[PDB]
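Okay, so here's just one chain, in structure tokens, the form deposited in one PDB entry.
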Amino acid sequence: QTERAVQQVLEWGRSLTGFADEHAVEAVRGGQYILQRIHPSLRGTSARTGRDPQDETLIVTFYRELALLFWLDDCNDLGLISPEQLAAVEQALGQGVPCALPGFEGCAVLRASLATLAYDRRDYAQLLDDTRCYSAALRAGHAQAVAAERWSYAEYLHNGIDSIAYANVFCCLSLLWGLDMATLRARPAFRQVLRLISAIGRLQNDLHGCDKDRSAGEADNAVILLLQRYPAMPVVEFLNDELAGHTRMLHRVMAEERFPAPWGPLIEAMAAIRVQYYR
């Protein structure tokens, strides 16, 4: 249930400097959206895993990991905290250890729960890996926005695929419900869909907030970056065609490959989730 899930995310969230209520709220709303979409398929893996679709401890840990990702993003930008504080947080979340600086106890606590709940501990090691990748991409994008020289579209998109965090969302679901992502990752086509869906998410997100960012003066957005470098280029039309192109590619792969449940529906729910559905 929504309001309750939210309260539980909010109470854990109190042990993190810079945590806002919308962190919990966006987390629950986006996490709800995904779970509802994969529920029918998830119920099919239960019998094998012993992990129930509606298990309250699993669901709330998932929402807390989502809020952590939203919070971390804000830390890097709204500047809720310092590069030192952020570096300590990064080490805690990326290695699974107590944070060496005060004010971020919720970090060791969430990671500890994830470690204990992991169906396949490999997924926990993977999640730490994905966490370091995601925070490094937040830091790189943030620094690039005020750097002496501008990134190419290729660099932005590549970084944007890591900072959209879909890899993290998938890892966390596999960890909790035993989705065997480690095995799927051995498949090139699975890796390609992971990048495709992340790029779709990065592009939908940027196209959605470009007007706001344009007025506000925000350069960590594909539309602004391209408009700054290529004033004459029809940037929005281009990015929209890019989004359409990645979506077509994802469709060809999906139609050609068959991924064990619930990956097919998980992939499609992420492909469809817009940023306006939870922000």
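Sequential numbering from 1, following the sequence displayed.
Beyond what is shown, the protein has a form deposited with a small molecule bound; the following relates to that form.
Only one of 130-138, 181-189, 94-102, 110-118 places residue heavy atoms within 4.5 angstroms of the small molecule in the bound PDB entry, namely 130-138.
Of the listed positions (34, 59, 249, 224), a single one reaches within 4.5 angstroms of the small molecule by any non-hydrogen atom in the bound PDB entry, namely 34. The small molecule in the bound PDB entry comes within 4.5 Å of a heavy atom belonging to residue 270. Taking non-hydrogen atoms only, residue 206 approaches the small molecule to within 4.5 angstroms in the bound PDB entry. Although the partner is absent here, residue 30 lies within 4.5 Å of the small molecule in the bound PDB entry, judged by heavy atoms. In the bound PDB entry, none of the heavy atoms of residue 81 sits within 4.5 Å of a heavy atom of the small molecule. Remark: all three candidate residues (73, 202 and 278) come within 4.5 Å of the small molecule in the bound PDB entry, counting heavy atoms only.
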